[PDB]
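Next comes query_10.txt, a file with compact mmCIF, N, CA and C atoms.
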```
# COMPACT_ATOMS: atom_id res chain seq x y z
N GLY C 95 128.35 164.73 150.05
CA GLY C 95 127.59 164.12 148.97
C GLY C 95 126.09 164.12 149.21
N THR C 96 125.32 163.98 148.14
CA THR C 96 123.86 164.00 148.23
C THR C 96 123.35 162.71 148.85
N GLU C 97 122.59 162.84 149.93
CA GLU C 97 122.09 161.71 150.71
C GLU C 97 120.67 161.37 150.27
N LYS C 98 120.38 160.07 150.15
CA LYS C 98 119.14 159.58 149.58
C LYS C 98 118.61 158.42 150.41
N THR C 99 117.29 158.41 150.64
CA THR C 99 116.63 157.32 151.34
C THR C 99 116.02 156.37 150.32
N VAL C 100 116.38 155.10 150.42
CA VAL C 100 115.92 154.05 149.52
C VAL C 100 115.08 153.11 150.37
N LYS C 101 113.82 152.88 149.98
CA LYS C 101 112.94 151.96 150.69
C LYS C 101 112.48 150.90 149.70
N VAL C 102 112.80 149.64 150.00
CA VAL C 102 112.83 148.55 149.03
C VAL C 102 112.15 147.34 149.65
N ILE C 103 111.41 146.59 148.84
CA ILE C 103 110.88 145.30 149.26
C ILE C 103 111.81 144.21 148.73
N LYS C 104 112.34 143.39 149.63
CA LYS C 104 113.22 142.30 149.23
C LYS C 104 112.33 141.11 148.89
N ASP C 105 111.85 141.07 147.65
CA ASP C 105 110.83 140.09 147.27
C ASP C 105 111.40 138.73 146.91
N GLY C 106 112.72 138.61 146.80
CA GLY C 106 113.38 137.36 146.50
C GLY C 106 114.75 137.38 147.13
N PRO C 107 115.51 136.31 146.93
CA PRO C 107 116.77 136.15 147.67
C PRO C 107 117.90 137.04 147.20
N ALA C 108 117.77 137.70 146.05
CA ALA C 108 118.87 138.46 145.46
C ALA C 108 118.40 139.86 145.10
N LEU C 109 119.15 140.87 145.52
CA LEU C 109 118.80 142.25 145.23
C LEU C 109 119.37 142.75 143.91
N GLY C 110 120.41 142.11 143.39
CA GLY C 110 121.08 142.58 142.19
C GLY C 110 122.26 143.50 142.42
N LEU C 111 122.74 143.63 143.65
CA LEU C 111 123.84 144.53 143.94
C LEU C 111 125.17 143.80 143.95
N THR C 112 126.19 144.45 143.41
CA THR C 112 127.58 144.09 143.68
C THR C 112 128.19 145.23 144.47
N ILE C 113 128.72 144.93 145.64
CA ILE C 113 129.28 145.98 146.48
C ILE C 113 130.72 145.65 146.80
N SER C 114 131.50 146.70 147.02
CA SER C 114 132.90 146.55 147.38
C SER C 114 133.27 147.67 148.34
N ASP C 115 134.55 147.72 148.70
CA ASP C 115 135.08 148.82 149.50
C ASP C 115 136.57 148.94 149.19
N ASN C 116 137.15 150.11 149.48
CA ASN C 116 138.56 150.33 149.18
C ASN C 116 139.44 150.25 150.42
N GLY C 117 138.91 149.76 151.54
CA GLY C 117 139.65 149.64 152.78
C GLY C 117 139.40 150.75 153.78
N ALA C 118 138.64 151.78 153.41
CA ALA C 118 138.29 152.85 154.33
C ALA C 118 136.99 153.48 153.88
N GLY C 119 136.34 154.19 154.80
CA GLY C 119 135.11 154.87 154.48
C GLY C 119 133.92 153.94 154.40
N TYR C 120 133.09 154.09 153.37
CA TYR C 120 131.87 153.33 153.23
C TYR C 120 131.99 152.31 152.10
N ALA C 121 131.24 151.23 152.21
CA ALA C 121 131.09 150.33 151.08
C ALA C 121 130.31 151.04 149.98
N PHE C 122 130.53 150.63 148.74
CA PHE C 122 129.89 151.30 147.62
C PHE C 122 129.35 150.28 146.62
N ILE C 123 128.43 150.77 145.81
CA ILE C 123 127.75 149.95 144.82
C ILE C 123 128.60 149.96 143.56
N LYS C 124 129.15 148.80 143.22
CA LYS C 124 130.00 148.65 142.05
C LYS C 124 129.19 148.32 140.81
N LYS C 125 128.15 147.50 140.95
CA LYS C 125 127.30 147.12 139.83
C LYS C 125 125.88 146.95 140.33
N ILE C 126 124.93 147.20 139.43
CA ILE C 126 123.52 146.92 139.66
C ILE C 126 123.05 146.10 138.48
N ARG C 127 122.66 144.86 138.73
CA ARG C 127 122.34 143.94 137.66
C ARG C 127 121.07 144.37 136.94
N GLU C 128 121.10 144.29 135.61
CA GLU C 128 119.92 144.57 134.80
C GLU C 128 118.77 143.66 135.22
N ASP C 129 117.55 144.21 135.21
CA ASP C 129 116.34 143.45 135.53
C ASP C 129 116.43 142.84 136.93
N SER C 130 116.72 143.69 137.92
CA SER C 130 116.81 143.24 139.30
C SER C 130 115.98 144.16 140.18
N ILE C 131 115.82 143.76 141.43
CA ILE C 131 115.14 144.62 142.39
C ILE C 131 115.80 146.00 142.42
N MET C 132 117.13 146.03 142.48
CA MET C 132 117.78 147.32 142.64
C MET C 132 117.90 148.10 141.34
N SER C 133 117.91 147.44 140.18
CA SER C 133 117.84 148.21 138.94
C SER C 133 116.51 148.95 138.83
N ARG C 134 115.47 148.45 139.49
CA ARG C 134 114.15 149.06 139.46
C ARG C 134 113.96 150.15 140.51
N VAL C 135 114.93 150.36 141.39
CA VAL C 135 114.82 151.42 142.39
C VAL C 135 115.22 152.75 141.74
N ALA C 136 114.30 153.72 141.78
CA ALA C 136 114.46 154.93 140.98
C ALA C 136 115.68 155.74 141.38
N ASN C 137 116.05 155.73 142.66
CA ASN C 137 117.02 156.68 143.19
C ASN C 137 118.28 156.02 143.75
N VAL C 138 118.71 154.91 143.17
CA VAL C 138 119.98 154.28 143.53
C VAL C 138 120.77 154.06 142.25
N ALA C 139 122.08 154.28 142.32
CA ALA C 139 122.91 154.19 141.13
C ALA C 139 124.27 153.60 141.46
N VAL C 140 124.89 153.00 140.45
CA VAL C 140 126.28 152.58 140.56
C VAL C 140 127.10 153.77 141.02
N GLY C 141 128.00 153.52 141.96
CA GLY C 141 128.84 154.53 142.54
C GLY C 141 128.37 155.04 143.89
N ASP C 142 127.09 154.86 144.21
CA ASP C 142 126.58 155.34 145.49
C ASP C 142 127.24 154.59 146.63
N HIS C 143 127.51 155.30 147.71
CA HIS C 143 127.99 154.68 148.93
C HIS C 143 126.81 154.32 149.82
N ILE C 144 126.95 153.22 150.55
CA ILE C 144 125.90 152.75 151.45
C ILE C 144 126.25 153.24 152.85
N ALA C 145 125.51 154.23 153.33
CA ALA C 145 125.81 154.85 154.62
C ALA C 145 125.12 154.15 155.78
N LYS C 146 123.89 153.69 155.58
CA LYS C 146 123.12 153.04 156.63
C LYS C 146 122.18 152.02 156.00
N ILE C 147 121.87 150.98 156.78
CA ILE C 147 120.78 150.07 156.47
C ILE C 147 119.93 149.97 157.72
N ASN C 148 118.63 150.22 157.58
CA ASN C 148 117.69 150.13 158.70
C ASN C 148 118.20 150.89 159.93
N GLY C 149 118.76 152.07 159.69
CA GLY C 149 119.22 152.94 160.76
C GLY C 149 120.59 152.62 161.32
N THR C 150 121.22 151.52 160.91
CA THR C 150 122.54 151.16 161.40
C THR C 150 123.61 151.95 160.68
N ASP C 151 124.51 152.58 161.43
CA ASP C 151 125.62 153.34 160.85
C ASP C 151 126.64 152.37 160.27
N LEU C 152 126.90 152.47 158.97
CA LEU C 152 127.83 151.57 158.30
C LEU C 152 129.14 152.26 157.93
N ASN C 153 129.41 153.42 158.52
CA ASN C 153 130.71 154.05 158.34
C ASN C 153 131.83 153.12 158.81
N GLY C 154 132.85 152.95 157.98
CA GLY C 154 133.96 152.10 158.30
C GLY C 154 133.74 150.62 158.04
N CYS C 155 132.53 150.21 157.68
CA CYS C 155 132.24 148.80 157.53
C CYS C 155 132.73 148.27 156.19
N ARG C 156 133.30 147.07 156.21
CA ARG C 156 133.77 146.43 155.00
C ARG C 156 132.59 145.92 154.18
N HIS C 157 132.84 145.71 152.88
CA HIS C 157 131.77 145.24 152.03
C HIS C 157 131.19 143.91 152.50
N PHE C 158 132.01 143.05 153.11
CA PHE C 158 131.43 141.78 153.55
C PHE C 158 130.47 141.98 154.72
N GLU C 159 130.68 143.02 155.54
CA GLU C 159 129.77 143.30 156.65
C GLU C 159 128.46 143.89 156.16
N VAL C 160 128.55 144.84 155.22
CA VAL C 160 127.35 145.42 154.61
C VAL C 160 126.58 144.36 153.84
N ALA C 161 127.31 143.51 153.11
CA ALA C 161 126.66 142.44 152.36
C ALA C 161 125.92 141.49 153.28
N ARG C 162 126.56 141.11 154.39
CA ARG C 162 125.90 140.25 155.36
C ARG C 162 124.58 140.85 155.83
N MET C 163 124.57 142.15 156.11
CA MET C 163 123.36 142.79 156.60
C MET C 163 122.24 142.74 155.57
N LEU C 164 122.57 142.97 154.29
CA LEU C 164 121.56 142.88 153.24
C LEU C 164 121.11 141.45 153.02
N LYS C 165 122.05 140.51 153.07
CA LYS C 165 121.74 139.10 152.84
C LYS C 165 120.80 138.56 153.91
N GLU C 166 120.99 138.99 155.16
CA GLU C 166 120.21 138.46 156.27
C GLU C 166 118.77 138.93 156.27
N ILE C 167 118.45 140.04 155.60
CA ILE C 167 117.08 140.54 155.57
C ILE C 167 116.15 139.44 155.06
N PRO C 168 115.11 139.08 155.80
CA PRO C 168 114.23 138.00 155.34
C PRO C 168 113.49 138.38 154.07
N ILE C 169 113.32 137.39 153.19
CA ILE C 169 112.54 137.60 151.99
C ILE C 169 111.13 138.01 152.37
N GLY C 170 110.61 139.01 151.67
CA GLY C 170 109.31 139.58 151.95
C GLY C 170 109.36 140.82 152.81
N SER C 171 110.51 141.12 153.40
CA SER C 171 110.64 142.28 154.26
C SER C 171 110.93 143.53 153.46
N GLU C 172 110.39 144.64 153.92
CA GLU C 172 110.85 145.94 153.48
C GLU C 172 112.11 146.30 154.25
N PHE C 173 112.97 147.10 153.63
CA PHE C 173 114.13 147.64 154.33
C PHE C 173 114.40 149.03 153.80
N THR C 174 115.15 149.80 154.59
CA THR C 174 115.57 151.13 154.20
C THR C 174 117.09 151.18 154.14
N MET C 175 117.61 151.94 153.18
CA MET C 175 119.04 152.08 152.98
C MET C 175 119.30 153.54 152.66
N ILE C 176 120.25 154.13 153.36
CA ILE C 176 120.67 155.50 153.08
C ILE C 176 121.89 155.41 152.18
N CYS C 177 121.77 156.00 150.99
CA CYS C 177 122.84 156.01 150.01
C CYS C 177 123.32 157.45 149.84
N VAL C 178 124.62 157.60 149.58
CA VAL C 178 125.23 158.91 149.40
C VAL C 178 125.90 158.93 148.04
N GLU C 179 125.54 159.90 147.23
CA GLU C 179 126.12 160.00 145.90
C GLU C 179 127.50 160.65 145.98
N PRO C 180 128.48 160.16 145.24
CA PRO C 180 129.76 160.86 145.17
C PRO C 180 129.63 162.13 144.35
N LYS C 181 130.57 163.05 144.56
CA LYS C 181 130.57 164.32 143.84
C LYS C 181 131.30 164.10 142.52
N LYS C 182 130.54 164.05 141.44
CA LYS C 182 131.08 163.83 140.10
C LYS C 182 130.68 164.98 139.20
N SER C 183 131.31 165.04 138.02
CA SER C 183 131.07 166.17 137.13
C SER C 183 129.64 166.19 136.61
N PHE C 184 129.19 167.38 136.25
CA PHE C 184 127.86 167.58 135.70
C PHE C 184 127.90 168.87 134.91
N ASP C 185 126.85 169.10 134.13
CA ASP C 185 126.65 170.37 133.45
C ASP C 185 125.24 170.87 133.70
N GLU C 186 125.12 172.15 134.01
CA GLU C 186 123.84 172.85 134.04
C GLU C 186 123.69 173.63 132.75
N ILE C 187 122.59 173.40 132.03
CA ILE C 187 122.33 174.11 130.78
C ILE C 187 120.86 174.46 130.68
```

As structure tokens - that is how I would like this structure written.
Amino acid sequence: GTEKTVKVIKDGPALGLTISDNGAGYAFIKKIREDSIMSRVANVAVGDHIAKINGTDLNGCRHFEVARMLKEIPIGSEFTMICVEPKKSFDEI
């Protein structure tokens, strides 16, 4: 899948993400709340898998572990997140 670097300022206590996992692989973004920090990030989308946060490998991690890592980031801090897009249909025209 297409790998993307997301660099974000956590300016308040909530990023706007809903994340889940299916019991294996990576946690993924299930929802991005309208008018949120993450809705304003140009290159993150519903369906993306969260591969790393701040260089930490999150392969195999449950959504509660990934969520804890995002929640713990102090307000006012920048953070980086590596997201991987799933392979879905498209058209070239």

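Minimum distance to residue C:174 across C:121, C:130, C:110, C:147 (counting all atoms listed in the file) occurs at C:147.
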
Q: For residue C:154, work out the shell of residues within 6 Å, counting only N, CA and C atoms and skipping chain neighbours fewer than 6 positions away, then give it as a ChimeraX atom specification.
A: /C:118-120

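Around the point (129.0, 157.5, 146.7), within 8 Å and counting only C-alpha atoms, we find these residues: residues 95, 122, 123, 141, 142, 143, 144, 177, 178, 179, 180 and 181 of chain C.
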
For the residues in that selection, give me N, CA and C atoms as a PDB file, keeping the file's coordinate frame.
```pdb
ATOM      1  N   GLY C  95     128.350 164.730 150.050  1.00  0.00           N
ATOM      2  CA  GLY C  95     127.590 164.120 148.970  1.00  0.00           C
ATOM      3  C   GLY C  95     126.090 164.120 149.210  1.00  0.00           C
ATOM      4  N   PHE C 122     130.530 150.630 148.740  1.00  0.00           N
ATOM      5  CA  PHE C 122     129.890 151.300 147.620  1.00  0.00           C
ATOM      6  C   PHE C 122     129.350 150.280 146.620  1.00  0.00           C
ATOM      7  N   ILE C 123     128.430 150.770 145.810  1.00  0.00           N
ATOM      8  CA  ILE C 123     127.750 149.950 144.820  1.00  0.00           C
ATOM      9  C   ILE C 123     128.600 149.960 143.560  1.00  0.00           C
ATOM     10  N   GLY C 141     128.000 153.520 141.960  1.00  0.00           N
ATOM     11  CA  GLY C 141     128.840 154.530 142.540  1.00  0.00           C
ATOM     12  C   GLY C 141     128.370 155.040 143.890  1.00  0.00           C
ATOM     13  N   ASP C 142     127.090 154.860 144.210  1.00  0.00           N
ATOM     14  CA  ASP C 142     126.580 155.340 145.490  1.00  0.00           C
ATOM     15  C   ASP C 142     127.240 154.590 146.630  1.00  0.00           C
ATOM     16  N   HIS C 143     127.510 155.300 147.710  1.00  0.00           N
ATOM     17  CA  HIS C 143     127.990 154.680 148.930  1.00  0.00           C
ATOM     18  C   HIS C 143     126.810 154.320 149.820  1.00  0.00           C
ATOM     19  N   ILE C 144     126.950 153.220 150.550  1.00  0.00           N
ATOM     20  CA  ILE C 144     125.900 152.750 151.450  1.00  0.00           C
ATOM     21  C   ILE C 144     126.250 153.240 152.850  1.00  0.00           C
ATOM     22  N   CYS C 177     121.770 156.000 150.990  1.00  0.00           N
ATOM     23  CA  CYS C 177     122.840 156.010 150.010  1.00  0.00           C
ATOM     24  C   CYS C 177     123.320 157.450 149.840  1.00  0.00           C
ATOM     25  N   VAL C 178     124.620 157.600 149.580  1.00  0.00           N
ATOM     26  CA  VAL C 178     125.230 158.910 149.400  1.00  0.00           C
ATOM     27  C   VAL C 178     125.900 158.930 148.040  1.00  0.00           C
ATOM     28  N   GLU C 179     125.540 159.900 147.230  1.00  0.00           N
ATOM     29  CA  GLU C 179     126.120 160.000 145.900  1.00  0.00           C
ATOM     30  C   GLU C 179     127.500 160.650 145.980  1.00  0.00           C
ATOM     31  N   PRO C 180     128.480 160.160 145.240  1.00  0.00           N
ATOM     32  CA  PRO C 180     129.760 160.860 145.170  1.00  0.00           C
ATOM     33  C   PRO C 180     129.630 162.130 144.350  1.00  0.00           C
ATOM     34  N   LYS C 181     130.570 163.050 144.560  1.00  0.00           N
ATOM     35  CA  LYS C 181     130.570 164.320 143.840  1.00  0.00           C
ATOM     36  C   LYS C 181     131.300 164.100 142.520  1.00  0.00           C
TER      37      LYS C 181
END
```

As an mmCIF file with N, CA and C atoms, in the frame of the given file, which residues of chain C does DSSP assign to helix (DSSP H, G or I)?
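Okay, this is what ended up in result_22.cif:
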```
data_model
loop_
_atom_site.group_PDB
_atom_site.id
_atom_site.type_symbol
_atom_site.label_atom_id
_atom_site.label_comp_id
_atom_site.auth_asym_id
_atom_site.auth_seq_id
_atom_site.Cartn_x
_atom_site.Cartn_y
_atom_site.Cartn_z
ATOM 1 N N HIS C 157 132.840 145.710 152.880
ATOM 2 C CA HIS C 157 131.770 145.240 152.030
ATOM 3 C C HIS C 157 131.190 143.910 152.500
ATOM 4 N N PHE C 158 132.010 143.050 153.110
ATOM 5 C CA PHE C 158 131.430 141.780 153.550
ATOM 6 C C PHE C 158 130.470 141.980 154.720
ATOM 7 N N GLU C 159 130.680 143.020 155.540
ATOM 8 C CA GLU C 159 129.770 143.300 156.650
ATOM 9 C C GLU C 159 128.460 143.890 156.160
ATOM 10 N N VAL C 160 128.550 144.840 155.220
ATOM 11 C CA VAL C 160 127.350 145.420 154.610
ATOM 12 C C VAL C 160 126.580 144.360 153.840
ATOM 13 N N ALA C 161 127.310 143.510 153.110
ATOM 14 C CA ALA C 161 126.660 142.440 152.360
ATOM 15 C C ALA C 161 125.920 141.490 153.280
ATOM 16 N N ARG C 162 126.560 141.110 154.390
ATOM 17 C CA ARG C 162 125.900 140.250 155.360
ATOM 18 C C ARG C 162 124.580 140.850 155.830
ATOM 19 N N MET C 163 124.570 142.150 156.110
ATOM 20 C CA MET C 163 123.360 142.790 156.600
ATOM 21 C C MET C 163 122.240 142.740 155.570
ATOM 22 N N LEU C 164 122.570 142.970 154.290
ATOM 23 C CA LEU C 164 121.560 142.880 153.240
ATOM 24 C C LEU C 164 121.110 141.450 153.020
ATOM 25 N N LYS C 165 122.050 140.510 153.070
ATOM 26 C CA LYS C 165 121.740 139.100 152.840
ATOM 27 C C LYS C 165 120.800 138.560 153.910
ATOM 28 N N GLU C 166 120.990 138.990 155.160
ATOM 29 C CA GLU C 166 120.210 138.460 156.270
ATOM 30 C C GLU C 166 118.770 138.930 156.270
#
```

Q) In Å, how far is it from atom CA of residue C:158 to atom CA of residue C:140? A)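 Separation of atom CA of residue C:158 and atom CA of residue C:140: 17.7 Å.
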
**Q.** Atom-to-atom span, atom N of residue C:116 and atom CA of residue C:157, Å
**A.**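 Atom-to-atom, atom N of residue C:116 to atom CA of residue C:157, that is 7.7 Å.
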
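Atom N of residue C:148 to atom C of residue C:175 spans 6.0 Å [interatomic distance, one decimal].
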
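Proximity ranking of C:156, C:131, C:185, C:136 relative to residue C:113 places C:156 first, based on only N, CA and C atoms.
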
Q: Quick one: pick out all strand (DSSP E) residues within chain C from a backbone DSSP run and write them as a PyMOL selection string.
A: chain C and resi 97-103+111-114+122-126+143-147+150-151+172-178

Q: Dig up all the protein and nucleic acid residues within 7 Å of (122.7, 148.5, 144.9) in the file frame, using all atoms listed in the file, and format them as a ChimeraX atom specification.
A: /C:109-112,123-126,132-133,138-140

Q.
I'd like to know which of C:187, C:127, C:176, C:169 is closest to residue C:103, using only N, CA and C atoms.
A.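 Nearest to residue C:103: C:169.
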
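Counting only N, CA and C atoms, residue C:107 has the following residues at most 8 Å away, ignoring those fewer than 3 positions along the same chain: residues 104, 110, 164, 165, 168, 169 and 170 of chain C.
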
Q: Mind checking which residues fall within 6 Å of residue C:102, counting all atoms listed in the file, ignoring those fewer than 3 positions away in the same chain, and posting them as number ranges by chain?
A: C: 171-174
